[PDB]
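Engineer:
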Ligand SMILES: Nc1nc2c(ncn2[C@@H]2O[C@H](COP(=O)(O)OP(=O)(O)OP(=O)(O)O)[C@@H](O)[C@H]2O)c(=O)[nH]1
Ligand SMILES: O=C(Nc1cccc(Nc2cc(Nc3cccc(C(F)F)c3)ncn2)c1)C1CC1
Ligand SMILES: Nc1nc2c(ncn2[C@@H]2O[C@H](COP(=O)(O)OP(=O)(O)O)[C@@H](O)[C@H]2O)c(=O)[nH]1
Ligand SMILES: [Ca+2]
Ligand SMILES: [Cl-]
Ligand SMILES: [Mg+2]
Ligand SMILES: [Mg+2]
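Residue numbers (the deposited numbering), protein chains in the order written: chain E, 6 to 28, 44 to 74; chain B, 2 to 276, 280 to 358, 367 to 436; chain A, 1 to 437; chain F, 1 to 104, 125 to 152, 158 to 362, 372 to 380.
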């Protein structure tokens with residue numbers, strides 16, 4: 006159980022204890053998706069309004 | 002923020018006027034529209050239902066609709082009648098004679114655009130209109146036929162705002178005319194399609210409560226409307242007062258309605274008050293609010309499963325005890341809540357109690381037992397429709413038998429839908 | 001000195017940000033109006049606290065923070081509260097209507113129309129940075145804003161800041177304190193959409209914080225105020241190494257390096273001790289051994305689970321107060337003999353240890369007692385995947401019935417995003433199991 | 001009223017427990033996938049322990065110890081005994097055993133370095149192979170490893186007890202089965218009534234392929250054996266007959282000759298894994314019933330051979346043993362409106 010990379014300073018100290026050794045899409049690609057769901061939305065609203073017109 | 006309230010027809014206007022009396026009392030506003038309570042909590046969310054007019058006077062965001070002037074003259078002459086903006090009274094002269102067609106297709110059609118003009122004037126003066134509420138019966142003509150006509154107009158013009166109805170279902174034990182099952186069937190079809198929540202207030206249930214447990218021998222429409230206005234206060238109390246839940250319309254809609262068409266709610270109130281002084285304990289309140297006998301739709305909760313439940317407690321009480329008692333209900337009757345919606349019973353609290369109670373509870377169940385209500389209507393409907401009885405009052409206004417056949421089919425479809433989930 | 005920017009999204013993110021910044025001001029002796037008398041470099045600096053604050057000419061110390069909600073009511077309480085002067089109006093961004101507990105509403109519908117204002121305010125903070133290292137993002141899994149707008153934000157931040165680190169502080173859904181039934185949908189959705197844009201996420205299960213507030217603080221019905229002051233203790237414990245002099249976890253890169261060897265298994269478990277009620281009449285202060293041993297009690301974890309049935313991949317110990325290495329070493333040695341701590345074969349069995357001699361700061365009139373030494377263990381154990389199982393299972397039960405899906409599809413989402421996110425989650429669960437059994 | 005759930009219908013014991021629990025009138029059974037339970041009588045495989053203890057307002061107890069399989073699978077157990085200091089390689093009561101993987125860590129190069137010293141010292145040298158059907162008892166290695174490698178599972182090979190205690194009249198082998206219940210508090214409860222699963226053929230020390238002498242299993246004894254049922258009903262002698270026979274033929278009792286060693290072995294194994302499986306400070310609780318299998322040799326030394334995590338009871342004893350499970354494992358956690375167990379502690 007050996008203690009390594011001991012650093013000390015006035016605020017504290019830090020170290021390591023080793024007990025045993027080892028045995044993204046683009047901006048266009050996102051604007052595309054956002055506006056495509058906006059198209060699905062505007063279609064659903066159109067279906068609603070055509071149905072209300074019937 | 003703002004809600005727009007509409008009340009259509011006789012029943013619609015009577016229960017709506019009682020609603021406004023009740024919540025006006027709660028917010029400390031007198032029949033002239035002036036504030037006079039103690040707490041500032043009474044005014045913090047006052048604009049959800051009241052417009053602030055010159056003089057710091059508060060005017061309900063309410064539109065009053067009828068096809069005959071009787072009930073609304075009665076309202077203007079009544080206890081809080083002068084609180085309502087007089088422009089907001091919109092009436093024709095000829096009535097609708099308990100006729101859904103006259104409400105939807107002919108007379109109501111002639112009055113509907115002026116009602117919409119007032120709705121628009123009220124809406125454009127809102128910062129953040131969250132939606133609408135309608136009080137109406139489904140058994141008469143103005144309420145059902147012109148109310149659902151309005152509802153689809155409003156949906157066309159405001160497709161993205163919430164639509165809630167408080168809807169009085171007809172029972173033969175409390176019945177005006179024999180064509181109520183027809184008027185209600187036509188209406189349910191509209192309601193299944195164009196509202197976000199519908200509070201199913203069966204008139205049978207109101208009568209039974211008045212009779213059995215309130216020992217009222219011969220209940221008036223008043224005795225029934227008192228129950229309704231107390232219940233509506235309870236379900237809007239979180240919208241109207243500040244608390245740990247910033248309560249709005251859409252969030253309740255999204256959480257209560259797993260399937261778009263299955264949005265018909267069993268409401269209930271506790272303790273059931275008349276027109280005693282014993283104090284209730286939190287387990288007592290909780291047991292009553294889930295009691296079939298405290299619910300305003302005449303369905304047996306034990307004959308279905310709760311899809312979702314909203315419990316609302318009012319008054320000062322221990323949150324720990326409320327939480328324990330809610331948990332004991334769900335855990336001791338877990339068969340009756342669908343397991344495929346985990347933790348489907350949500351509890352809110354409002355610190356301010358209603367008038368004359370220190371503690372009370374309001375229940376909103378989206379249970380499959382509601383199918384019973386629709387079965388009843390449907391039986392009553394078919395009993396006349398298989399003989400085409402009374403149809404002339406409608407075909408003489410333009411309607412076809414085909415439209416009746418369709419509404420019957422769609423309500424049977426709604427019944428099958430509720431059954432599907434009762435066995436899933 | 002390399003700056004860190006905190007983004008607080010949605011109600012939970014905003015209120016937890018409030019707690020954390022209140023705590024930071026106390027810890028660095030910064031008053032509510034932003035003056036730091038201890039700072040002698042007026043109007044500038046590259047000290048370690050400047051990672052989290054900037055300075056103005058008047059000597060005003062200003063959080064490198066942005067708050068975002070799709071509705072005004074919460075950030076309005078920021079704009080009027082004890083620390084109103086602290087933040088600059090442009091940092092507090094609100095909408096008009098929120099995402100109504102709908103992931104789709106925050107990601108697609110209401111998000112799209114605010115993402116650019118948010119990115120521009122973030123850029124105005126970044127342009128004040130000499131060497132920005134990345135972002136600490138605070139949000140709930142359950143809310144609509146917290147899930148959908150956070151994942152939108154996360155995507156755009158990867159694009160506009162590809163070389164910077166992003167760390168999450170996540171609030172995982174607990175029914176006791178939840179007001180919505182669709183939180184499992186929102187959780188799974190956002191976990192899937194954020195998984196490749198997050199370098200390390202610290203999950204906090206409200207269930208665990210709630211029960212810690214009940215048992216160890218003797219509060220019968222914990223409020224968000226209680227939960228948030230305890231959460232901010234933990235969060236300060238985790239970020240002190242960025243805000244103070246030290247040699248352990250000094251930049252966001254080191255959190256990934258020390259805690260995340262496999263970038264998909266990037267959910268370290270926090271355990272914290274001691275949580276002691278300020279109303280406790282007589283309290284015997286706990287020793288280095290007692291609190292390090294408490295670190296291996298699940299009752300002290302931010303997520304209830306069982307590290308004994310799983311494997312560790314990394315373990316950091318962060319102390320605050322009267323601690324010195326030989327005590328820590330003795331405590332570790334004796335704990336290893338009495339506890340089940342197994343590492344993955346391809347990792348060293350060991351602990352990276354950080355001590356800060358200043359004991360924890362406590363908010364005056366809070367629920368937490370002052371103690372002379374405290375510790376936050378950060379362990380990347382595969383046992384945390386228990387939470388995922390729970391969440392996934394709840395999700396499966398609703399989605400079998402398409403319950404509530406219409407609400408999401410009606411905002412533009414397609415049904416297939418649901419089972420895309422669930423299949424990502426299933427891959428995640430199987431990663432954890434292959435690492436850990 | 002309490003609520004419980006069943007997720008293993010092929011469990012004889014917990015079937016009877018469900019029955020008794022219902023007859024109490026204070027326990028009601030929910031459907032298998034209802035989460036709002038107090039007691040989960042779970043499945044044997046992939047019991048979802050990560051979903052227990054997260055239901056507010058409910059105390060959850062489960063009839064299995066997560067992690068107990070380390071004791072209840074043969075290779076698991078051999079690795080546990082050799083690596084646990086509490087037990088030790090030099091274990092005086094577990095037969096010399098080695099874990100061997102198929103051709104397709126392993127111990128056969130460790131195995132040979134002891135095997136051939138057994139052959140050279142001119143000692144008896146019979147070994148038996150088994151994996152958690159398929160048994161080889163042989164005198165030279167190239168049969169054992171050959172056979173292990175025909176299969177495809179991890180295996181263990183164990184010193185086959187060539188000089189077992191033999192029951193007369195019959196000159197026949199037997200094994201001891203003890204039922205132990207560990208409650209949430211990690212009380213260890215050894216059940217008063219164990220059983221002898223006996224052979225009915227005279228132990229043949231010559232050719233180790235006559236399965237009926239060497240294998241005490243209840244099924245291999247009912248099917249292929251000559252005299253199934255000659256001496257005792259069901260190849261099942263119980264503890265009073267065994268005490269009496271030890272008294273008469275050997276001038277000892279069951280307690281002193283065998284039971285002290287059984288209690289020591291049970292308590293040692295359970296206490297060994299206690300820090301790894303105990304639910305003392307957990308958000309859910311565990312109990313479990315285990316079956317321990319022992320072999321007494323001619324010198325009256327007790328050997329442990331397997332622990333079984335889902336045991337079947339003896340049909341004479343189901344009633345009493347399941348009632349005891351209810352009394353001390355269930356009603357201890359969920360109280361209702372001269373004990374049959376001995377607590378092991380030292
Ligand atoms: N610990 C903690 N949890 C919170 C807090 N506020 C909300 N939550 C949890 O967060 C989830 C709800 O998400 P919110 O943050 O309120 O939702 P939102 O991001 O504002 O999104 P909207 O749906 O648009 O209002 C639930 O699981 C709540 O219990 C908080 O202040 N502290
Ligand atoms: O809207 C009406 N009643 C009403 C009553 C209570 C709350 C809200 N609004 C919410 C509800 C919410 N979650 C929530 C989900 C399910 C159950 C509950 C339960 F606590 F009630 C709360 N979150 C924000 N706002 C609205 C009447 C039509 C007029
Ligand atoms: N609960 C209640 N029900 C009413 C009231 N008035 C009428 N009804 C019911 O409403 C139906 C008649 O509807 P009504 O409102 O008079 O029709 P409208 O004026 O044409 O809309 C019948 O089923 C009556 O039972 C009332 O004041 N309270
Ligand atoms: Ca400075
Ligand atoms: Cl970059
Ligand atoms: Mg009438
Ligand atoms: Mg919000």
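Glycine is no exception: its CB is placed at the ideal position from the N, C-alpha and C atoms.
(1) Taking only beta carbons into account, state which residues of the segment 141–159 of chain B come closer than 8 Å to chain E, listed in chain order.
(2) Which term fits residue 223 of chain B, buried or exposed, when burial requires 16 or more other beta carbons within 10 angstroms of its beta carbon?
(3) My understanding is that residue 239 of chain B touches residue 228 of chain B, with C-beta atoms under 8 Å, so please give their C-beta distance in whole angstroms.
(4) Smallest Cα separation from residue 385 of chain A: which of F/8, F/49 and F/34?
(5) Measuring only from the beta carbon, is residue 163 of chain A closer than 8 Å to any heavy atom that is part of ligand 5?
(6) Please return the same chain residues whose Cβ sits closer than 7 Å to the Cβ of residue 38 of chain F, not counting the five positions on each side in sequence.
(7) Helix, strand or coil, according to DSSP, for residue 99 of chain F in the structure here?
(8) When we look at the beta-carbon of residue 307 of chain A and count the other beta-carbons within 10 Å, is it buried (16 or more) or exposed?
(9) Return no unless some Cβ of chain B is closer than 9 Å to the Cβ of residue 425 of chain A.
(10) Return the chain-ordered list of same chain residues with a C-beta closer than 7 Å to the C-beta of residue 85 of chain A, the five sequence neighbours on each side being excluded.
(11) Please write down, chain order preserved, every residue whose beta carbon lies under 7 Å from a heavy atom of ligand 7.
(12) Tell me the rounded alpha-carbon separation between residue 67 of chain F and residue 317 of chain A.
(13) I'd like to know if the segment 325–335 of chain F and the segment 227–244 of chain F are in contact, where contact means that at least 3 CB-CB pairs between them fall below 8 Å.
(14) Nearest to residue 371 of chain A by CA position, among A/402, A/117, A/411 and A/322, is which residue?
(15) In angstroms, rounded to a whole number, what distance separates the CA positions of residue 305 of chain B and residue 387 of chain B?
(16) Is residue 25 of chain E close to chain A, meaning its C-beta is less than 9 Å from at least one C-beta of that chain?
(17) Secondary structure at residue 371 of chain B, three-state DSSP: helix, strand or coil?
(18) Express the C-alpha separation of residue 320 of chain B and residue 137 of chain A in angstroms, rounding to a whole number.
(19) Go to residue 325 of chain F, then tell me how far its beta strand (DSSP E) extends in each direction, as first and last residue.
(20) Whole angstroms is fine: what's the gap from residue 199 of chain F's alpha carbon to residue 211 of chain F's?
(21) Expressed to the nearest angstrom, what Euclidean distance is found between the alpha-carbon atoms of residue 234 of chain F and residue 146 of chain F?
(22) I need the DSSP call for residue 50 of chain F, collapsed to helix, strand or coil.
(23) Candidates B/121, B/9, B/62 and B/13: which alpha carbon is nearest residue 34 of chain B's?
(24) With DSSP collapsed to three states, give me the class of residue 189 of chain F.
(25) Which residue comes first and which comes last in the beta strand (DSSP E) that contains residue 203 of chain A?
(26) Using C-beta distances below 8 Å, list every residue in its chain close to residue 32 of chain F, excluding the 5 sequence neighbours before and after it, in chain order.
(27) So, helix, strand or coil for residue 200 of chain B, using DSSP?
(28) Are the beta-carbon atoms belonging to residue 373 of chain B and residue 317 of chain B less than 9 Å from one another?
(29) If you draw a straight line from the C-alpha of residue 278 of chain B to the C-alpha of residue 405 of chain B, how long is it?
(30) Closer than 7 Å by C-beta to residue 365 of chain F: which residues in its own chain qualify, once you throw out the five before and the five after it? Chain order, please.
(31) How would you label residue 39 of chain A, buried or exposed, when you count the other beta carbons within 10 angstroms and need 16 or more for buried?
(32) Please report the distance separating the alpha-carbon of residue 10 of chain E from that of residue 311 of chain A.
(33) Beta-carbon of residue 48 of chain F versus every beta-carbon of chain B: anything under 9 Å?
(34) Does the beta-carbon distance from residue 143 of chain B to residue 191 of chain B come in below 9 Å?
(35) Can you give me the C-alpha to C-alpha distance between residue 157 of chain B and residue 72 of chain E, rounded to a whole angstrom?
(36) Looking at the secondary structure, which residues open and close the alpha helix (DSSP H) in which residue 343 of chain F lies?
Structural biologist: For this structure:
(1) 153, 156 and 157
(2) exposed
(3) Their Cβ separation, rounded to whole angstroms, is 20 Å, which puts residue 239 of chain B and residue 228 of chain B out of contact at 8 Å.
(4) F/49
(5) yes
(6) 2, 3, 4, 58, 59, 60, 61 and 359
(7) Here residue 99 of chain F carries a strand assignment [DSSP, helix/strand/coil].
(8) Result: buried.
(9) no
(10) Cβ within range, chain order: 32, 33 and 34.
(11) A/10, A/11, A/69, A/70, A/71, A/74, A/98, A/143 and A/145
(12) Cα to Cα, the separation comes out at about 27 Å.
(13) no
(14) A/322
(15) For residue 305 of chain B and residue 387 of chain B, the distance between alpha carbons rounds to 15 Å.
(16) yes
(17) strand
(18) 37 Å
(19) For residue 325 of chain F, no beta strand (DSSP E) run applies, since DSSP gives it neither H nor E.
(20) 30 Å
(21) 12 Å
(22) DSSP, read as helix, strand or coil, puts residue 50 of chain F in helix.
(23) B/62
(24) strand
(25) 200–205
(26) Contacts found: 5, 6 and 7.
(27) When secondary structure is reduced to three states using DSSP, residue 200 of chain B falls in the strand class.
(28) yes
(29) In this structure residue 278 of chain B is absent; chain B steps straight from 276 to 280.
(30) Coordinates for residue 365 of chain F are absent; the numbering of chain F skips from 362 straight to 372.
(31) buried
(32) 25 Å
(33) Under the Cβ criterion of 9 Å, residue 48 of chain F is not counted among the residues facing chain B.
(34) no
(35) 7 Å
(36) 343–350
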